[PDB]
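One structure below.
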Amino acid sequence: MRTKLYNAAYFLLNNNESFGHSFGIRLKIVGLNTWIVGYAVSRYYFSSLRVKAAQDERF
Amino acid sequence: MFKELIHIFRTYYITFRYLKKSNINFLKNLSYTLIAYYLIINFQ
Amino acid sequence: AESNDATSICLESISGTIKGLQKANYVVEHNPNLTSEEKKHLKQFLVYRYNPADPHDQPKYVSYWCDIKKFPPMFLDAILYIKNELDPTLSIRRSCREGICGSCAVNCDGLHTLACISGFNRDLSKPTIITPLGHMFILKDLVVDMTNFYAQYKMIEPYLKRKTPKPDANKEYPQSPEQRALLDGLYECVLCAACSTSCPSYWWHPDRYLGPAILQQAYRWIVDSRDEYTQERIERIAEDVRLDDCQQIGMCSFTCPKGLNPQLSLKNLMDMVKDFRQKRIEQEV
Amino acid sequence: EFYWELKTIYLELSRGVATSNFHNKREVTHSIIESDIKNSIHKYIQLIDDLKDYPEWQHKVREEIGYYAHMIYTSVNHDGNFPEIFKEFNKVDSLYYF
Amino acid sequence: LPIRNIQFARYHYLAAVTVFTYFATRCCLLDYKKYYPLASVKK
Amino acid sequence: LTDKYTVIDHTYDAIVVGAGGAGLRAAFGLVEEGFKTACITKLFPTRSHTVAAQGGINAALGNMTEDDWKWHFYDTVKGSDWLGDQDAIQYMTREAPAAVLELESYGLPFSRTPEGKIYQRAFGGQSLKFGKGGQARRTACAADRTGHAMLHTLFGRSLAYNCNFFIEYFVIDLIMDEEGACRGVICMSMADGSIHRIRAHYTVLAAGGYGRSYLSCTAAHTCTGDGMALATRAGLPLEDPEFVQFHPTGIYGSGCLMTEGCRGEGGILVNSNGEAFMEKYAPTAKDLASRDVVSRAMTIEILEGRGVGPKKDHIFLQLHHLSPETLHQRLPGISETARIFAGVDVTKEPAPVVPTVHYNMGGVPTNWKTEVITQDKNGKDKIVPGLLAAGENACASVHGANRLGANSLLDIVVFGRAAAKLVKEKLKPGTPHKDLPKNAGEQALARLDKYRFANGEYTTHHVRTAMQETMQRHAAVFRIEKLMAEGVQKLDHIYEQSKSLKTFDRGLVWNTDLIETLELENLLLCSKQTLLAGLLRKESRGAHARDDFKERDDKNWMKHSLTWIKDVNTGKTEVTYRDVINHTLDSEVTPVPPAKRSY
Ligand SMILES: CCCCCCCCCCCCCCCCCC(=O)OC[C@H](COP(=O)([O-])OCC(O)COP(=O)([O-])OC[C@@H](COC(=O)CCCCCCCCCCCCCCCCC)OC(=O)CCCCCCCCCCCCCCCCC)OC(=O)CCCCCCCCCCCCCCCCC
Ligand SMILES: CCCCCCCCCCCCCCCCCC(=O)OC[C@H](COP(=O)([O-])OCC(O)COP(=O)([O-])OC[C@@H](COC(=O)CCCCCCCCCCCCCCCCC)OC(=O)CCCCCCCCCCCCCCCCC)OC(=O)CCCCCCCCCCCCCCCCC
Ligand SMILES: CCCCCCCCCCCCCCCCCC(=O)OC[C@H](COP(=O)([O-])OCC(O)COP(=O)([O-])OC[C@@H](COC(=O)CCCCCCCCCCCCCCCCC)OC(=O)CCCCCCCCCCCCCCCCC)OC(=O)CCCCCCCCCCCCCCCCC
Ligand SMILES: CCCCCCCCCCCCCCCCCC(=O)OC[C@H](COP(=O)([O-])OCC[N+](C)(C)C)OC(=O)CCCCCCCCCCCCCCCCC
Ligand SMILES: *Cc1cc2c(cc1C)nc1c(=O)[nH]c(=O)nc-1n2C[C@H](O)[C@H](O)[C@H](O)COP(=O)(O)OP(=O)(O)OC[C@H]1O[C@@H](n2cnc3c(N)ncnc32)[C@H](O)[C@@H]1O
Ligand SMILES: COC1=C(OC)C(=O)C(C/C=C(\C)CC/C=C(\C)CC/C=C(\C)CC/C=C(\C)CC/C=C(\C)CC/C=C(\C)CC/C=C(\C)CCC=C(C)C)=C(C)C1=O
Ligand SMILES: CCCCCCCCCCCCCCCCCC(=O)OC[C@H](COP(=O)(O)OCCN)OC(=O)CCCCCCCCCCCCCCCCC
Ligand SMILES: CCCCCCCCCCCCCCCCCC(=O)OC[C@H](COP(=O)(O)OCCN)OC(=O)CCCCCCCCCCCCCCCCC
Ligand code: SF4
Ligand code: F3S
Ligand code: FES
Ligand SMILES: [Ca+2]
Ligand SMILES: [Ca+2]
């Protein structure tokens, strides 16, 4: 059975002011939360790093 | 807040649709327990 | 006899995606034997064509150059001119011709709307693109599978239910002109689905979330004074994300060719649901 | 749980036809999912029959579970093995979901 | 309808969010090892 | 052989071929009666022509003014021009108040008078006290979109029950056995081309008219008279096909409608001189005269050289006299339609209008219980077993020679309910079926395949356009014998052409080209019958007006004209006659004697 397909609406709709206005707020909140979580993860990651070793050192 | 994160993941990710409301609630309970533990432990 | 095909399918999918991005908006000229001089006098329509019944067919734009001085100025008129004069295999739904049935809803050049009451850019330079409703499965050409829309419409019980017998049976359910005008601008929906196919929440969750049109119909049956199942309907639409998924984008009221305002109806429904949830606690005590 | 079985089948189809699915796009339904659909619909029809003494339960089972059967019906073309796969569904349920 | 000590609940939730964010991000307890090259010296 | 087409067999207690107002009413009425019913339609119910109906539902509720259903009966009889069966008119008129109240009970939103009762407005051809009581306001209208609201309410009620809808199935033919009974129907699923032989006892054949047989017609693109063509191809007769009612007002050059109720609100008809001329043609009711007389007056004024617009081809419908509040409250939809299809702002400009083909008083004959009838070879009429025409497709004679106006929805509802009641009366739910005939659908599949793979010389559109032009030129408001004979010759030639059509799509999924070809065949049959019946009748009655015979002859031509198309391949049309009914169903109302006024 050949599965049916469709043309995604957002690929063929003229850009509108409503999309912009609403997705702007959604992206603002997404950016805020992502920035907070990424800052936490960045602090964790950098603090996880090892200490600098000597030159040509084994173990 | 937690509710909103779950709602966004459900509405945008097709795979996340697999989870029941019961599994979501279990994640909610575990997250609340972990948050309480974090708050308590940081001060110890 | 068959074997695992995860790798072949994956490679084919990636390669096809890349190629389609390179060759997006594939176009085939209906009549290549046209002198570029002639095309100065004719407008170009790019019509989406796809016949899943034929195993060898794939989606594609077809270019038709037509003289716009031979038929009236509407999308449906141009589509039917192309069908009758150029290629009568084109498929589209059409009943009313005056924007009442709502069958001809299509993506008329970037905007979902009824093709029978929508004009097209008269300029001969900019091409016009006619495609089916976006997020609906395509059956053939400009004909989509609106079955799910109707199935959702059925779930709202769109029939007057009354819990109190009529006092005399020789009269009509009383309703003052105010309780009637409360429905004005709300019962004119023709179930064209043009709005709901433009709602992003309906793009993401077609099944769990009822469309703006169906929810507007539920609101119409709720605000109606003659029906007595107000709270029951409110509770029924309050399940999971049948209504909560609406994000008040407002595109529904912008696309509605009938001029209706489903966004306002959904806002009122949300307010009524919130009040219902609160007073299920406040009242019963 | 039976409802979630049907919804799992539908979710697999939807992930198949998702626009973001640039990596696992399949033109023709494979045999395994076809067999799963056929057996799931068979069990659903048997369940509907077993609830003949409870009109409300039968109606709820239809409206709830058969919804995803109808969506699966809409997800695929009417060729190949389609007449045989949806033979039982075409009797009554298909007409209900129109 | 009335909620006993609603204001206390609001402030407790706000305090919990603030404390959790403070400890998770360590927003206030930055690192200045990156600024040392850009700093003057005494003695 | 044609076994290559997949065939699936069903079994139902009753079928309803159509999903208009009549189809839905009959379907859910049958479901109420307890019969396992099915409904077959090529369109989603809410997209049938009933949705486009603007004027109200005509009924004798005494809300706006004192009314008595006997007055409505008299108005209907006079409007029919004494060619409609008295019994059916009596039944419909008597049932109208109950039908409208039941519609309201379903939840149909009607415009409300300040007291809360259903609102009503004047319409063309209404009166009180048997014509001497002045204008009558009995048309209960739901704003200017009554058809839409009525159809949606009926569809909602249908969904309330289980009607086993067959959405977007095209009915090809009727399964009839050698005894003349309608065993069932043979239809095709436009989705995937499956063929279904639905067996059933009774088949309510209500599938609209053939308004699309003309060039300019207000009828929807899907009004191709399939209901009237299935019967014809099955050998049953077609009754009163020559009478075609032209709605007086129709947007010029587009075919869209201007609700007659507008002229009931205070609209005016104006010629180039700038005057209301309908007084000379209807001094008593003025604009609100019978649709036929208004159309004839407009046509005469056009032919008198007083054409209102450029190239003097139409008439001005003035509406800016009314207050803008009234226009926006009672005529919103038509105002918008005028703005769109004419670019004329109704509030301060006059619309262009011209009489346009609107309604088909013809259809499959019935008795009044909605049972198809056919003349036995003796000449006496007999009831066709298991076949119940209803709606516009049924020539129950309730409209006679000229539909009164706003009575079509009333007819739909009343006679759909009547058909359901009759099925309840005769059939029993628990009746086993006998097997279908040996040759269930050989001819249906034969025609389907013949049109599917046709490789003739003329395209479907060319033939359809030729037929429409011929009908427009020769079956216009005024008929004359020489012109009608020329039209008959042209239609015979076009029919000869149709045997060599060309089709460009050989597929099955939504093969709209094949659907349009089949509808073209149906319209050709209907057009041939219509033109011949018009040619034979030598009089000027109702909507059938002839320049050669300007006087109606009750002595000779007070009889329905039945048309037969036997041996479709031959395409030769015969005509016989069936006497009118002058006996009411009861002694409550005395039958109206044939008068000599018709306004
Ligand atoms: C598409 C390809 C793209 C490729 C990209 C490749 C990028 C490679 C990056 C490599 C690593 C860079 C690390 C920089 C560290 C900076 C801090 C620092 O120096 O710390 C010193 C660091 C110690 O860190 P620390 O002090 O403990 O804590 C650091 C914290 O950041 C805390 O320090 P802080 O407290 O000072 O923090 C400052 C504060 C500052 O915050 C603020 O105040 C924010 C201010 C923002 C202002 C922005 C203005 C922009 C203007 C816009 C205008 C628009 C106008 C439009 C108009 C339109 C019309 C109207 O917070 C932040 O900086 C916020 C950071 C959190 C980020 C949140 C988002 C995360 C997710 C998203 C990531 C990006 C995705 C992009 C996807 C793109 C897709 C197309 O130690 C060092 O000396 C290390 C130096 C850095 C090198 C590390 C090397 C590690 C190597 C690992 C191996 C693998 C490498 C792989 C490389 C691959 C390459 C391809
Ligand atoms: C350094 C520290 C360590 C870092 C690594 C830590 C890893 C921890 C464990 C992570 C476990 C992840 C898996 C479990 C979660 C649920 C997954 C799931 O739904 O399973 C089924 C689902 C598959 O469903 P399906 O039915 O096969 O797909 C069809 C459905 O319609 C699909 O429907 P759908 O909506 O469900 O599918 C969306 C799907 C996404 O899946 C997809 O459908 C597509 C995935 C590939 C997209 C690739 C990009 C496409 C083009 C976009 C434009 C890019 C432009 C770049 C250039 C710009 C130049 C200016 O979303 C997810 O996968 C959800 C979770 C995603 C975030 C967590 C994973 C992060 C992995 C980051 C590393 C990846 C490897 C290295 C890559 C770089 C090497 C140089 O996911 C998978 O099985 C795949 C999992 C992801 C694999 C990696 C793909 C790349 C992702 C990159 C994200 C980068 C974000 C930015 C921050 C990164 C910071 C590190
Ligand atoms: C196998 C079993 C199953 C396992 C499943 C897997 C997961 C594990 C499950 C285990 C079961 C327990 C899980 C933890 C509880 C989860 C609760 C939850 O999710 O609730 C959500 C739910 C969320 O609701 P919501 O609507 O979002 O509203 C939340 C708002 O925050 C609204 O909050 P609120 O407004 O209602 O406030 C809450 C209330 C709660 O607080 C209380 O009332 C409790 C107080 C503490 C009691 C602690 C008792 C501990 C006893 C331990 C005994 C030993 C145990 C040893 C066991 C050994 C093993 C046998 O807060 C306060 O009372 C605020 C006090 C503030 C004091 C301020 C001081 C002011 C000083 C200055 C005075 C004035 C000076 C003036 C000077 C003027 C100068 C000018 O929370 C609540 O509503 C309840 C409140 C929150 C309770 C949190 C409790 C956390 C406990 C964690 C214990 C971890 C123990 C680990 C042991 C490990 C051993 C190895
Ligand atoms: C360490 C690893 C880091 C890697 C970084 C990778 C970054 C990935 C960023 C992804 C952004 C989001 C899109 C993908 C994920 C979508 C998930 C989702 O829910 O979507 C589902 C939906 C699709 O599904 P759907 O529309 O079918 O919705 C589901 C509907 N049902 C359930 C009915 C099936 O949305 C999409 O996937 C939209 C895809 C849009 C793709 C846009 C591509 C833009 C490319 C721009 C290139 C610019 C190049 C410039 C070069 C300049 C040179 C000079
Ligand atoms: C065209 C028109 C008619 C009209 C009107 C305005 C316009 C523009 N205004 C009216 C008014 O104000 N008052 C009134 O009384 N009548 C008015 N009319 C006329 C009236 O509405 C119609 O005559 C009547 O409503 C039509 O009823 P009916 O149900 O018989 O016709 P239909 O609605 O078109 O129904 C046809 C159904 O059958 C299906 N169909 C058609 N062909 C087939 C085949 N071959 N197989 C299967 N199904 C078929 C159609 O899809 C439809 O469902
Ligand atoms: C709110 O409700 C809604 C929805 O939800 C239901 C929707 O789904 C939708 C529709 C949703 C969709 C179409 C979703 C699918 C499409 C998607 C996700 C496409 C969008 C993708 C993204 C936003 C992610 C990719 C973008 C990024 C990672 C951003 C990266 C930004 C960067 C790097 C910043 C670039 C700029 C700079 C560096 C600044 C340079 C200049 C300077 C520094 C200035 C110089 C300064 C000095 C000091 C000199 C709508 C409209 C909606 O309204
Ligand atoms: C938005 C949605 C997604 C969000 C995701 C969020 C994720 C949160 C994760 C939380 C946990 C964080 C853990 C951080 C661990 C970091 C380890 C690391 O790589 O550190 C760098 C390390 C060298 O560091 P160090 O030894 O300290 O030296 C510098 C000292 N001054 O580097 C090394 O030593 C290098 C060797 C180790 C790293 C190997 C990595 C292998 C990756 C294999 C990928 C395979 C898949 C490829 C796919 C594409 C194929 C075409
Ligand atoms: C594709 C990728 C998919 C990824 C999916 C990932 C899903 C992850 C989901 C889990 C993580 C969610 C994190 C949410 C942010 C953290 C918020 C937080 O810290 O609070 C958690 C919760 C309250 O927040 P929330 O429930 O969300 O909102 C309630 C609104 N009324 O707080 C709680 O309920 C915790 C319990 C304590 C609450 C505070 C109690 C009062 C505070 C004072 C306590 C006093 C104790 C005694 C005295 C001590 C001091 C003297
Ligand atoms: S909601 Fe608007 S766009 Fe959708 S069917 Fe109703 S009128 Fe048309
Ligand atoms: S466009 Fe979309 S999500 Fe809500 S209000 Fe309007 S519907
Ligand atoms: S063509 Fe009639 S409403 Fe679209
Ligand atoms: Ca109510
Ligand atoms: Ca008729």
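Chains as they are written, first to last, in the deposited numbering: chain CC, 1 to 59; chain CD, 1 to 44; chain CB, 27 to 311; chain CG, 100 to 197; chain CO, 3 to 45; chain CA, 38 to 636. Beta carbons are placed, not taken as given, at the ideal position from N, Cα and C, and that holds for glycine.
Residue i: CB within 7 Å of a non-hydrogen atom of ligand 4
i, result
"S42(CC)", "no"
Proximity test, Cβ basis, 8 Å: residue i and chain CC
i, result
"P78(CB)", "yes"
"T223(CB)", "yes"
Near ligand 12: residue i beta-carbon under 7 Å from a heavy atom
i, result
"residue 16(CB)", "Residue 16(CB) lies beyond the stretch modelled for chain CB, which goes from 27 to 311, so this question has no answer here."
Residues that DSSP places opposite residue i in a beta bridge
i, result
"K539(CA)", "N492(CA), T496(CA)"
"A237(CA)", "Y49(CA)"
Cutoff 8 Å: residue i Cβ touching any chain CO Cβ
i, result
"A40(CC)", "yes"
"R50(CC)", "no"
"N42(CD)", "yes"
Heavy atom of ligand 11 within 7 Å of residue i beta-carbon
i, result
"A104(CB)", "no"
Residue i Cβ short of 7 Å to ligand 2 heavy atom set
i, result
"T269(CA)", "no"
Closer than 7 Å: residue i CB and nearest ligand 1 heavy atom
i, result
"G38(CC)", "yes"
Any chain CB beta carbon closer than 8 Å to residue i
i, result
"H158(CG)", "no"
"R174(CA)", "no"
"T33(CD)", "no"
Through-space distance from residue j to residue i, alpha-carbon basis
i, j, result
"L159(CB)", "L112(CB)", "23 Å"
"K35(CO)", "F25(CO)", "20 Å"
"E261(CB)", "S327(CA)", "51 Å"
"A522(CA)", "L573(CA)", "10 Å"
"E279(CA)", "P402(CA)", "14 Å"
"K73(CA)", "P466(CA)", "8 Å"
"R510(CA)", "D46(CA)", "45 Å"
Residue i Cβ short of 7 Å to ligand 6 heavy atom set
i, result
"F23(CC)", "yes"
Contact test: residue i Cβ vs ligand 3 heavy atom, cutoff 7 Å
i, result
"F10(CO)", "yes"
CB contact check: residue i to chain CG, cutoff 8 Å
i, result
"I8(CD)", "no"
Is the segment 9–22 of chain CD in contact with the segment 104–115 of chain CG, if contact means three or more CB pairs nearer than 8 Å? The way I'd put it, the segment 9–22 of chain CD does touch the segment 104–115 of chain CG; three or more beta-carbon pairs between them come closer than 8 Å.
Count the C-beta pairs between the segment 257–269 of chain CA and the segment 237–245 of chain CA that are closer than 8 Å, then say yes if the count reaches three, no if not. Yes, the segment 257–269 of chain CA is in contact with the segment 237–245 of chain CA.
Are the segment 53–71 of chain CA and the segment 96–108 of chain CA touching by the rule of at least three beta carbon pairs closer than 8 Å? Contact between the segment 53–71 of chain CA and the segment 96–108 of chain CA is absent: fewer than 3 CB-CB pairs across the two stretches fall below 8 Å.
Do the segment 208–221 of chain CB and the segment 185–193 of chain CB make contact, defined as three or more Cβ pairs closer than 8 Å? No: the two stretches stay apart, fewer than three of their Cβ pairs being nearer than 8 Å.
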